[PDB]
Amino acid sequence: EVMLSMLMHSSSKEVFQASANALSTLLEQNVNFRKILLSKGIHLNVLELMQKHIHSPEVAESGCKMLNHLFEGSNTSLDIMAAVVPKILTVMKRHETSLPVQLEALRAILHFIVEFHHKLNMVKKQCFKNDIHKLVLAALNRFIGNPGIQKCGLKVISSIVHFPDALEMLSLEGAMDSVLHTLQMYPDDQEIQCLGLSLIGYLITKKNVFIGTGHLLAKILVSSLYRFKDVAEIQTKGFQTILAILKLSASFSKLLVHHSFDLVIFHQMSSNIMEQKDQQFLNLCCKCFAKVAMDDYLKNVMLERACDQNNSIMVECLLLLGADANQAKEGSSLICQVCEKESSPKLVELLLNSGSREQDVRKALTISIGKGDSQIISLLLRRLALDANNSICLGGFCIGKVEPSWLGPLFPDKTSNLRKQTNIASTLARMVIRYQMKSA
Amino acid sequence: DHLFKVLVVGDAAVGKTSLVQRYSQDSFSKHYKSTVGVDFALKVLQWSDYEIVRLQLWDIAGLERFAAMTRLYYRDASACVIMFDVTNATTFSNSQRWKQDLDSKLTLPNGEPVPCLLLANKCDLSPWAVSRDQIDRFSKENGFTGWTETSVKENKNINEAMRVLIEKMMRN
């Protein structure tokens with residue numbers, strides 16, 4: 001009866017609005033009515049009705065909402081696609097300012113978009129020829145409020161990217177700038193960030209890798225990864241996008257390391273090993289770190305920042321790769337500043353075992369004497385003066401006093417031989433160098 | 001691509017929904033029921049390469065024949081067809097009434113009458129089945145675009161007749 005009312009009074013927008021809302025609510029309430037009205041001839045008929053009634057936005061919004069609630073949970077054919085998508089695209093173009101119409105149209109297109117391949121190619125080309133991308137980008141870029149539409153837009157553009165003729169068409173329109181703006185405008189959300197980070201990698205082209213867009217992308221990527229460090233899905237998508245950027249251009253990671261990207265890797269390496277193991281995620285991160293391993297000035301900056309923080313696990317990996325332990329800026333040595341900032345004994349142990357000049361060590365000894373700490377000074381003397389020839393040579397140093405705790409471990413103390421079976425750092429370095437060598 | 005509307009009219013209890021279910025829903029024969037109101041069906045035809053046509057079949061309920069046949073149904077319509085059962089001359093007079101009503105209350109952009117076809121419903125039933133000689137009198141007198149026997153249950157000639165009618169309709 002409702003359908004008959006609609007049909008017999010097409011000239012009035014009010015009857016269409018009310019009856020359309022009624023049967024849309026009915027269809028949303030009961031799933032059984034779906035595909036029955038569809039088999040009865042409702043879709044193209046109401047499409048023709050919105051073709052007849054276009055001067056009002058309420059009629060278009062009600063029609064788009066009704067299509068959304070009708071076509072949900074169903075799969076259509078190519079003919080239905082050709083009969084639905086152009087008409088709704090034209091309706092959305094004719095009413096571009098009205099937010100509810102845009103929201104409903106985007107939701108409908110999202111639910112409806114996704115021998116046979118040959119036919120589908122024609123529909124894909126015709127859809128791109130209908131300027132769907134221009135309209136959706138204009139809608140998502142002009143009006144940034146009402147977050148849901150933004151989410152819908154991102155979803156739609158996602159379904160756009162994975163068209164054969166879409167990558168360059170999107171590159172012309174500048175989809176990246178709008179997406180990155182959305183990510184800046186919606187940091188706290190998960191879904192917007194989740195879809196956006198995945199879309200950034202897919203959009204990547206050589207045109208926008210340079211400065212002015214790559215620098216902002218690096219800042220956003222680090223902010224996004226840092227915002228949700230624990231969420232595996234977000235980090236995995238971000239690292240995949242980062243790997244794609246690195247593969248596209250090696251000029252990247254110059255500012256990423258500058259923009260505190262090391263905090264991302266070190267926590268993940270610590271977390272992934274301590275938490276559940278994901279071989280794909282771990283190897284993806286290791287491959288990215290391998291691409292970062294070049295340009296050894298970056299490695300030196302990495303070591304300075306890794307040593308500033310208590311990061312005993314990573315410093316061994318970094319040393320195994322290379323990155324000599326005498327990278328001082330002449331203000332203070334690495335061993336000096338690590339000893340200053342109340343660092344763990346394992347840090348200075350790895351520093352001493354690797355290449356460290358004697359004078360800096362003596363400076364570290366004096367500094368560690370000033371802040372009396374038995375463990376560090378004992379580990380320092382283990383390298384400055386002990387022989388092989390079972391002899392101390394604790395001489396020329398001007399230490400103000402001596403205490404038994406200082407030279408405790410210096411004596412052999414053969415009661416037990418300490419065992420350190422932790423190969424975590426060694427393995428991590430082994431995979432990083434494996435990917436570095438294999439890639440080269 | 002294009003879309004068109006075809007209105008199926010006829011007498012009561014002539015299996016008015018049987019033909020439209022057979023051509024679109026692929027449902028033939030079945031139980032005989034009464035059509036309370038106007039019902040719809042969709043057809044998609046790949047008539048030509050890169051040219052796909054959509055058809056809206058509106059099966060007008062003939063129970064309220066005495067009631068004023070509103071021009072709103074025929075409004076914006078592009079084609080029509082009259083289908084009558086072959087077991088009653090009252091259905092034949094009713095088909096004449098439908099022809100007169102559509103000629104009175106239907107218009108085209110060119111002004112010429114829209115194509116009409118005489119469907120001889122349910123010829124697979126005795127005894128008045130193949131009386132085409134008597135039907136030819138109205139076939140040539142009414143100036144119909146076509147006339148063709150049919151059987152809804154058997155679907156013997158629904159497809160060819162519909163194809164001929166739609167080819168004539170796009171021929172205008």
# chains A, B, ... in the order shown; residues from 1 in each chain; ligands from 1
>>> closest_atom_pairs(of="segment 64-158 of chain A", to="segment 46-62 of chain B", cutoff="9 Å", atoms="only C-alpha atoms", output="tab-separated table")
residue	atom	partner	partner_atom	distance
A:79	CA	B:52	CA	8.0
A:83	CA	B:54	CA	8.8
A:122	CA	B:50	CA	8.9
>>> write_last_selection(atoms="C-alpha atoms", output="PDB file, in the first residue's frame")
ATOM      1  CA  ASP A  79      23.779  -3.969 -14.586  1.00  0.00           C
ATOM      2  CA  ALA A  83      21.685   1.611 -13.199  1.00  0.00           C
ATOM      3  CA  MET A 122      33.548  -0.932 -18.694  1.00  0.00           C
TER       4      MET A 122
END
>>> select_by_dssp(residues="segment 14-150 of chain B", states="alpha helix (DSSP H)", output="MDAnalysis selection string")
chainID B and resid 16:20 71:74 89:104 132:141
>>> interface_residues(of="chain A", to="chain B", cutoff="9 Å", atoms="only C-alpha atoms", output="MDAnalysis selection string")
chainID A and resid 1 4 7:9 39:42 44:45 79 82:83 122
>>> write_last_selection(atoms="N, CA, C and O atoms", output="PDB file, in the first residue's frame")
ATOM      1  N   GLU A   1       0.841  -1.191   0.000  1.00  0.00           N
ATOM      2  CA  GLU A   1       0.000   0.000   0.000  1.00  0.00           C
ATOM      3  C   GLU A   1       0.879   1.244   0.000  1.00  0.00           C
ATOM      4  O   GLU A   1       0.575   2.232  -0.684  1.00  0.00           O
ATOM      5  N   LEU A   4       2.282   1.788  -3.353  1.00  0.00           N
ATOM      6  CA  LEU A   4       1.295   2.240  -4.314  1.00  0.00           C
ATOM      7  C   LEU A   4       1.066   3.721  -4.090  1.00  0.00           C
ATOM      8  O   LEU A   4       0.812   4.461  -5.043  1.00  0.00           O
ATOM      9  N   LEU A   7       3.811   5.647  -5.766  1.00  0.00           N
ATOM     10  CA  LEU A   7       3.691   5.628  -7.213  1.00  0.00           C
ATOM     11  C   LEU A   7       2.565   6.540  -7.681  1.00  0.00           C
ATOM     12  O   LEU A   7       2.725   7.293  -8.649  1.00  0.00           O
ATOM     13  N   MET A   8       1.414   6.485  -7.003  1.00  0.00           N
ATOM     14  CA  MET A   8       0.256   7.240  -7.459  1.00  0.00           C
ATOM     15  C   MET A   8       0.324   8.707  -7.080  1.00  0.00           C
ATOM     16  O   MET A   8      -0.578   9.464  -7.456  1.00  0.00           O
ATOM     17  N   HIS A   9       1.350   9.140  -6.343  1.00  0.00           N
ATOM     18  CA  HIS A   9       1.468  10.556  -6.012  1.00  0.00           C
ATOM     19  C   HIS A   9       2.931  10.994  -6.114  1.00  0.00           C
ATOM     20  O   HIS A   9       3.541  11.477  -5.165  1.00  0.00           O
ATOM     21  N   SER A  39      13.316  -7.240  -5.695  1.00  0.00           N
ATOM     22  CA  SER A  39      12.744  -8.056  -6.754  1.00  0.00           C
ATOM     23  C   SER A  39      11.441  -7.476  -7.283  1.00  0.00           C
ATOM     24  O   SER A  39      10.974  -7.909  -8.342  1.00  0.00           O
ATOM     25  N   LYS A  40      10.846  -6.515  -6.574  1.00  0.00           N
ATOM     26  CA  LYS A  40       9.592  -5.920  -7.009  1.00  0.00           C
ATOM     27  C   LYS A  40       9.772  -4.659  -7.848  1.00  0.00           C
ATOM     28  O   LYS A  40       8.773  -4.120  -8.330  1.00  0.00           O
ATOM     29  N   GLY A  41      10.995  -4.155  -8.018  1.00  0.00           N
ATOM     30  CA  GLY A  41      11.192  -2.985  -8.860  1.00  0.00           C
ATOM     31  C   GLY A  41      11.164  -1.663  -8.117  1.00  0.00           C
ATOM     32  O   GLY A  41      10.380  -0.775  -8.468  1.00  0.00           O
ATOM     33  N   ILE A  42      11.999  -1.510  -7.093  1.00  0.00           N
ATOM     34  CA  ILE A  42      11.974  -0.295  -6.285  1.00  0.00           C
ATOM     35  C   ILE A  42      13.150   0.637  -6.583  1.00  0.00           C
ATOM     36  O   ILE A  42      12.997   1.862  -6.553  1.00  0.00           O
ATOM     37  N   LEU A  44      15.502   1.361  -9.381  1.00  0.00           N
ATOM     38  CA  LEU A  44      15.512   2.264 -10.531  1.00  0.00           C
ATOM     39  C   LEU A  44      14.281   3.158 -10.553  1.00  0.00           C
ATOM     40  O   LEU A  44      14.337   4.275 -11.076  1.00  0.00           O
ATOM     41  N   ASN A  45      13.164   2.686  -9.995  1.00  0.00           N
ATOM     42  CA  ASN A  45      11.945   3.484  -9.986  1.00  0.00           C
ATOM     43  C   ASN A  45      12.112   4.721  -9.106  1.00  0.00           C
ATOM     44  O   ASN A  45      11.816   5.844  -9.534  1.00  0.00           O
ATOM     45  N   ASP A  79      24.903  -4.742 -14.061  1.00  0.00           N
ATOM     46  CA  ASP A  79      23.779  -3.969 -14.586  1.00  0.00           C
ATOM     47  C   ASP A  79      23.163  -3.085 -13.509  1.00  0.00           C
ATOM     48  O   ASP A  79      22.841  -1.917 -13.764  1.00  0.00           O
ATOM     49  N   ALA A  82      25.499  -0.143 -12.981  1.00  0.00           N
ATOM     50  CA  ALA A  82      25.340   0.881 -14.008  1.00  0.00           C
ATOM     51  C   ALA A  82      24.014   1.621 -13.874  1.00  0.00           C
ATOM     52  O   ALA A  82      23.916   2.787 -14.272  1.00  0.00           O
ATOM     53  N   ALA A  83      22.980   0.960 -13.353  1.00  0.00           N
ATOM     54  CA  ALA A  83      21.685   1.611 -13.199  1.00  0.00           C
ATOM     55  C   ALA A  83      21.569   2.430 -11.919  1.00  0.00           C
ATOM     56  O   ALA A  83      20.661   3.262 -11.814  1.00  0.00           O
ATOM     57  N   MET A 122      34.355  -2.000 -18.116  1.00  0.00           N
ATOM     58  CA  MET A 122      33.548  -0.932 -18.694  1.00  0.00           C
ATOM     59  C   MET A 122      32.833  -0.138 -17.609  1.00  0.00           C
ATOM     60  O   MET A 122      32.791   1.097 -17.656  1.00  0.00           O
TER      61      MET A 122
END
>>> atom_distance(atom1="atom CA of residue 113 of chain A", atom2="atom CA of residue 132 of chain A")
11.7 Å
>>> atom_distance(atom1="atom CA of residue 405 of chain A", atom2="atom CA of residue 365 of chain A")
15.1 Å
>>> residues_around(residues="segment 46-58 of chain A", least_positions_apart="6", cutoff="7 Å", atoms="only C-alpha atoms", output="CSV table (one decimal) with C-alpha atoms, in the first residue's frame")
chain,number,residue,atom,x,y,z
A,87,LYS,CA,22.1,8.4,-11.0
A,95,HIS,CA,23.0,18.7,-3.9
A,98,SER,CA,23.6,19.6,2.1
A,101,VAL,CA,22.5,14.1,1.6
>>> residues_around(residues="segment 28-35 of chain B", least_positions_apart="2", cutoff="8 Å", atoms="only C-alpha atoms", output="PyMOL selection string")
chain B and resi 12-13+15-19+21-22+26+37-38+61+63+152-155
>>> write_last_selection(atoms="N, CA and C atoms", output="short mmCIF file (atom, residue, chain, number, x, y, z; two decimals), in the first residue's frame")
data_model
loop_
_atom_site.label_atom_id
_atom_site.label_comp_id
_atom_site.auth_asym_id
_atom_site.auth_seq_id
_atom_site.Cartn_x
_atom_site.Cartn_y
_atom_site.Cartn_z
N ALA B 12 -10.24 -9.84 -15.70
CA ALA B 12 -9.96 -10.45 -14.42
C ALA B 12 -9.75 -11.96 -14.56
N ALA B 13 -8.95 -12.52 -13.66
CA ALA B 13 -8.68 -13.96 -13.57
C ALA B 13 -8.11 -14.54 -14.86
N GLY B 15 -4.88 -14.82 -15.40
CA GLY B 15 -3.49 -15.07 -15.09
C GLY B 15 -2.63 -13.86 -15.40
N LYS B 16 -3.12 -12.68 -15.00
CA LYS B 16 -2.44 -11.43 -15.31
C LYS B 16 -1.03 -11.38 -14.73
N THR B 17 -0.85 -11.92 -13.52
CA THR B 17 0.47 -11.97 -12.91
C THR B 17 1.31 -13.14 -13.41
N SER B 18 0.69 -14.15 -14.01
CA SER B 18 1.45 -15.33 -14.44
C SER B 18 2.48 -14.97 -15.51
N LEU B 19 2.07 -14.20 -16.51
CA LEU B 19 2.97 -13.83 -17.60
C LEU B 19 4.12 -12.95 -17.09
N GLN B 21 5.33 -12.75 -14.03
CA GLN B 21 6.25 -13.58 -13.25
C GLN B 21 7.11 -14.46 -14.15
N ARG B 22 6.52 -15.00 -15.23
CA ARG B 22 7.28 -15.86 -16.12
C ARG B 22 8.39 -15.09 -16.83
N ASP B 26 10.69 -15.59 -13.57
CA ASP B 26 10.82 -16.97 -14.06
C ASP B 26 9.89 -17.92 -13.32
N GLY B 37 -4.19 -4.94 -6.26
CA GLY B 37 -3.74 -3.66 -6.74
C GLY B 37 -2.66 -3.81 -7.79
N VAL B 38 -2.13 -2.67 -8.22
CA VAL B 38 -1.10 -2.66 -9.25
C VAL B 38 0.20 -3.19 -8.68
N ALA B 61 -4.52 -4.10 -12.19
CA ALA B 61 -5.60 -4.97 -11.74
C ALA B 61 -6.89 -4.61 -12.46
N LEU B 63 -9.93 -5.85 -11.86
CA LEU B 63 -11.16 -6.07 -11.09
C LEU B 63 -12.07 -4.85 -11.13
N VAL B 152 0.84 -19.03 -20.63
CA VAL B 152 1.63 -18.62 -19.47
C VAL B 152 2.28 -19.82 -18.79
N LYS B 153 1.53 -20.91 -18.63
CA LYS B 153 2.06 -22.09 -17.95
C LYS B 153 3.21 -22.73 -18.73
N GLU B 154 3.06 -22.83 -20.05
CA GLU B 154 4.08 -23.47 -20.88
C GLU B 154 5.16 -22.52 -21.36
N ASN B 155 4.91 -21.21 -21.32
CA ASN B 155 5.85 -20.18 -21.80
C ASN B 155 6.26 -20.44 -23.25
#
>>> residues_around(residues="segment 59-64 of chain A", least_positions_apart="6", cutoff="9 Å", atoms="only C-alpha atoms", output="list in words")
residues 13, 14, 16, 17, 18, 20, 21, 24, 46, 47, 50, 53, 88, 91, 92, 95, 98, 100, 101, 102, 103, 104, 105, 106, 107 and 108 of chain A
>>> atom_distance(atom1="atom CA of residue 125 of chain A", atom2="atom CA of residue 137 of chain A")
18.0 Å
>>> residues_around(residues="residue 307 of chain A", least_positions_apart="3", cutoff="8 Å", atoms="only C-alpha atoms", output="ChimeraX atom specification")
/A:303-304,310-311,315,334,338,347
>>> select_by_dssp(residues="segment 19-172 of chain B", states="strand (DSSP E or B)", output="ChimeraX atom specification")
/B:39-48,51-59,79-85,117-121,146-149
>>> closest_residue(among="B:75, B:137, B:65, B:168", to="residue 117 of chain B", atoms="only C-alpha atoms")
B:168
>>> residues_around(residues="segment 188-200 of chain A", least_positions_apart="3", cutoff="7 Å", atoms="only C-alpha atoms", output="MDAnalysis selection string")
chainID A and resid 151 154 158 176 179 183 203:204 234 237:238 241
